[PDB]
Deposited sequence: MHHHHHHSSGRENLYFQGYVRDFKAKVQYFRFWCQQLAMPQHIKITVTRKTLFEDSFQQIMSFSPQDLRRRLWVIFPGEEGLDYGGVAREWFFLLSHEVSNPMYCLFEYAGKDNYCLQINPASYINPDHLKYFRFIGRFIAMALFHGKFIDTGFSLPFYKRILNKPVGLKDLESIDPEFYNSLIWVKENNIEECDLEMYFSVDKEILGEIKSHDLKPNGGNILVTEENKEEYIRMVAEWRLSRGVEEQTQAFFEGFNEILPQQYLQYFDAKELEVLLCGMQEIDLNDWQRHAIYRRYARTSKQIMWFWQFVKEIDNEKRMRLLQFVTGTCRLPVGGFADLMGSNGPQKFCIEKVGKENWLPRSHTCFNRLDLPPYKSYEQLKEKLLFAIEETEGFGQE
């Protein structure tokens, strides 16, 4: 069985060989946070950035050193997507802006953001922004293909899908090559710079036992899911809140631990992250889209998801134990 908590413990154990004594001061203002952070983080050696972080906002004599570092990670993670910098753009989910090259020092900023993300993982701090699953796979050095495209470029996915579901640039290799290329298309230099910054703080091989979804949880934190909020803002197709399978689904959600609930949330929606307003504000690819459970096929069918529409295709299972066994397997798959 896959055990996230064990993987994190082994990850911490490995990070000890990189741990350094004492602290480093990071002096940043709230007005010019992004730029002060850039000059501060880039002025230190990787080895020094592995010492305890002492983030300081001049004028603020905050005794809560931990609270200020958490705040700096939260605030800086929001600045990563600021259009004024033209580094990352929305596609919570971020992607490298291909127009970033307009600033001739753009690769230095990607090296900086790379250090920042590796620092969050190294210091056990969460960020309030995130990336796509194919990009988490890239951080882990895991291969990416056609399945990873559906969530990033649906039109391109469907055209590549037509080459597979039917019969000139040097089929299975081509479709795989094209998919890989599309995922880092026109952002290859920025990506390489990001990884240079990332690897000097935390070699990406320290994360080798995690899958992409676990890495997202590690960067977000295992936030406690409000079960009542989830239930009040869940909609149904060919089912009702009084249906046996639905009542078993909610029983299954109460039974599993919070890591399993996040894994279920990632299975249905593609992310463990929730909007600030909760389940009512869930967004799909075509507009607002609340978590939806649909009755599909028969008892022998496996559970399926349509992450673009935050939709679970739940077969009409015979027992609660059949529902528990089929969903656990469906959400575990990597």
Exercise. May I ask you to mark the stretches of the deposited sequence that the structure leaves without C-alpha coordinates?
Key: 1-19, 111-114, 191-198, 202-228, 393-398
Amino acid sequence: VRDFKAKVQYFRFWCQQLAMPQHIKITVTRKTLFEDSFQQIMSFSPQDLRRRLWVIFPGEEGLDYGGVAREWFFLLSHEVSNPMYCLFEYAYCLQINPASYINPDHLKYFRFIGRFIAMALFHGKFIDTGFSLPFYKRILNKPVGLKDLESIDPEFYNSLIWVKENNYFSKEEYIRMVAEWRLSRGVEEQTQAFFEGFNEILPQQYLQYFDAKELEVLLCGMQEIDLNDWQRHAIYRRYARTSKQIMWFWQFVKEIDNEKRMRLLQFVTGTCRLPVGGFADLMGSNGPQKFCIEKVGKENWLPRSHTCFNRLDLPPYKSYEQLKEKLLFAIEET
From here on, numbers count along this sequence of modelled residues.
Exercise. With reference to the PDB entry, specify whether the mean Cα temperature factor is higher for 127-135 or for 78-86.
Key: 78-86
Quiz item: For the stretches 213-221 and 147-155, which has the higher mean C-alpha B-factor as given in the deposited record?
Solution: 147-155
Self-check item: Of the residues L94, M262, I201, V163, the one carrying the largest Cα B-factor as recorded
Solution: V163
Exercise. Tell me which of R273, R70, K290, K31 tops the list for C-alpha B factor in the record.
Key: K31
Quiz item: Going by what the PDB entry lists, where does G278 fall on CA B-factor within its chain: lowest, middle or highest third?
Solution: lowest
Self-check item: B-factor third for the C-alpha atom of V1 within its chain
Solution: highest
Exercise. Report the third (lowest, middle or highest) to which the CA temperature factor of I26 belongs, ranking only the modelled residues of the same chain.
Key: middle
Quiz item: Relative to the other modelled residues in the chain, which third contains the C-alpha temperature factor of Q39: lowest, middle or highest?
Solution: middle
Quiz item: If you rank every modelled residue in this chain by C-alpha B factor, which third holds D226: lowest, middle or highest?
Solution: middle
